[PDB]
Amino acid sequence: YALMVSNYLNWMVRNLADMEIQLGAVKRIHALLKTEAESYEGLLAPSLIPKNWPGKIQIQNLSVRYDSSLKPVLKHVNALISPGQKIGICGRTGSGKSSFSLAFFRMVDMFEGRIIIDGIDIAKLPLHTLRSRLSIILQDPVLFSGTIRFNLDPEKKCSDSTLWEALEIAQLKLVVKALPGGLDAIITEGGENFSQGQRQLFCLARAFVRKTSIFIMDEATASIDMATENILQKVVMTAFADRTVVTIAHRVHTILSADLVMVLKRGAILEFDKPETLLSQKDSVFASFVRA
């Protein structure tokens, strides 16, 4: 045993050093486990929520942040939106107009204000129910690996025949029917087998599949060429007629046809009226946006 002690000592010390090096990994795992979690329960009673959900949206003294210790990107935002009408949001880059779209999904700190949608505040509502009944499209098209069934309706809540017309709206049915897999064509990582505009049109049909009236179009036209942008916009307007379209757009020429245009400067609503009367004024900032 005394002969074996000399081996056992260095075995113990080397394995102890390796053990502490490897326990650093589980320390990092628990440190990432200590990240705070958003509440998904919802203060509103699940049975009190109606079976179907939206297009009217009421905004009362909204002001949102990203952190508690941060300057508010929006300051005392207050606006009423009629059901079914089309809203074109514009503002200078750096005025925090992008957070206005995220305010409807409770992804920003609503430290004051209240978003009343069809008589129901979103803050009381669960996050899953809120984010399951609102449509939204961002700058870049994020396509996930799998079939067009998985990209368009991953939960398989809608039938395939319901998916066919949804794909028809995006004008990609020629490509998808021409694809070797039929509708079972495999999208690669990020949709590298499609062009950029094609991926964005995929995202549009993906948003149509949920079939809600509130359709938020957060600067989808910015990354897409104008020729595809025009046919995309007209098929959006036809596909979402009864649907309420709140369009956050970086360029005002797209939202020239909206019912109302909101102009944001440093988190404040300068102008809330129709584009015709707004463009009538020479000193209006939206007129400067259109001219420049």
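Each reported figure results from applying straightforward, stated rules to the coordinates on display, with no laboratory input. Here Cβ is always computed from backbone atoms with ideal geometry, including for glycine, and neighbour counts include all displayed protein chains.
Short version: ³J(HN,Hα) in whole Hz for each residue of region 99-114, in order, from phi by Karplus 6.51 cos²θ - 1.76 cosθ + 1.60 (θ = phi - 60°), x for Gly and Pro, what are they?
Couplings: 6, 5, 5, 6, 5, 6, 9, 6, 9, 10, 6, 7, 6, 8, x, 8 Hz.
Collect residues whose amide H, placed 1.01 Å from N in the peptide plane, falls under 5 Å from the amide H of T221; neighbours closer than 5 in sequence don't count.
Those lying under 5 Å, H to H, from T221: there are none.
Along its principal axes, what span do the Cα atoms of region 1-138 show, with the longest given first and each in whole Å?
Principal extents (largest minus smallest coordinate, Cα): 89, 41, 26 Å.
Assuming 0.890 mPa s and 25 °C, estimate D for region 122-162 with Stokes-Einstein, Rh taken as the Kirkwood radius over Cα pairs, in µm²/s.
D = 196 µm²/s.
Starting from the amide H of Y66, placed 1.01 Å from N in the peptide plane, find each other amide H under 5 Å away whose residue is 5 or more places distant or on another chain.
Amide H to amide H, under 5 Å and 5 or more residues apart or across chains, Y66 pairs with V73, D109.
Beyond 26 Å, what share of the Cα-Cα pairs of the chain remains, rounded to the nearest whole percent?
Summing the P(r) tail past 26 Å for the chain gives 55 percent.
Using 1/(1 + (r/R0)^6) with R0 = 25 angstrom and r between the beta carbons of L174 and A222, what's the FRET efficiency to the nearest 0.05?
My answer for the efficiency is 0.50.
Report, in deg cm²/dmol and to the nearest 500, the calculated mean residue ellipticity at 222 nm for the chain, where each DSSP H run with n ≥ 4 adds -39500 (n - 2.57) and the sum is divided by the residue count.
Calculated mean residue ellipticity at 222 nm is -10500 deg cm²/dmol.
Scan around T247 for amide H atoms under 5 Å from its own, H built in the peptide plane at 1.01 Å from N, and keep only partners 5 or more places away or cross-chain.
Amide H to amide H, under 5 Å and 5 or more residues apart or across chains, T247 pairs with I87, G88, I89, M217.
Hey, any idea what the orientation-averaged projected area of the convex hull of region 38-119's Cα atoms comes to, in nm²?
6.4 nm²
Taking θ as phi - 60°, what are the ³J(HN,Hα) couplings along region 69-81 by the Karplus curve (6.51, -1.76, 1.60), each to the nearest whole Hz, with x for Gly and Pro?
9, 7, 5, x, 5, 10, 9, 6, 6, 9, 7, 10, 10
Check cross-link reach from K71 to the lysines: straight Cα distance under 27 Å, and skip same-chain residues fewer than eight apart.
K34, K97, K124, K265
So, in nm, how far is label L9 from label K156 when the simple model puts each one 7 Å beyond its Cα toward the Cβ?
Placing both labels 7 Å beyond Cα along the Cβ direction yields 6.4 nm.
To the nearest 20 debye, what is the magnitude of the charge dipole of the chain about its Cα centre, counting +1 on the Cβ of each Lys and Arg and -1 on the Cβ of each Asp and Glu?
For the chain, the charge dipole is close to 380 debye.
For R92 and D118 in the same chain, what is the full-extension length gain: residue separation times 0.36 nm, less their Cα-Cα distance, in nm?
6.4 nm
Under 11 Å from the Cβ of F215, count the other residues' Cβ atoms, weight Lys and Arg +1, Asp and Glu -1, and hand me the total.
Charge balance near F215 sits at +2.
Kirkwood-based Rg over Rh for region 144-292 (C-alpha set), two decimals?
Checking Rg against Rh, the ratio lands at 1.05.
May I ask what percent, to the nearest 5, of DSSP beta bridges between residues of the chain are antiparallel?
Beta bridges within the chain, antiparallel portion: roughly 55 percent.
Work out how far the C-alpha atoms of region 89-196 reach from end to end along every principal axis, then list the three figures in whole Å, largest first.
52, 33, 22
Highest first, please rank the peptides 1-9, 37-45 by the mean number of other Cβ atoms sitting within 10 Å of their residues.
37-45, 1-9
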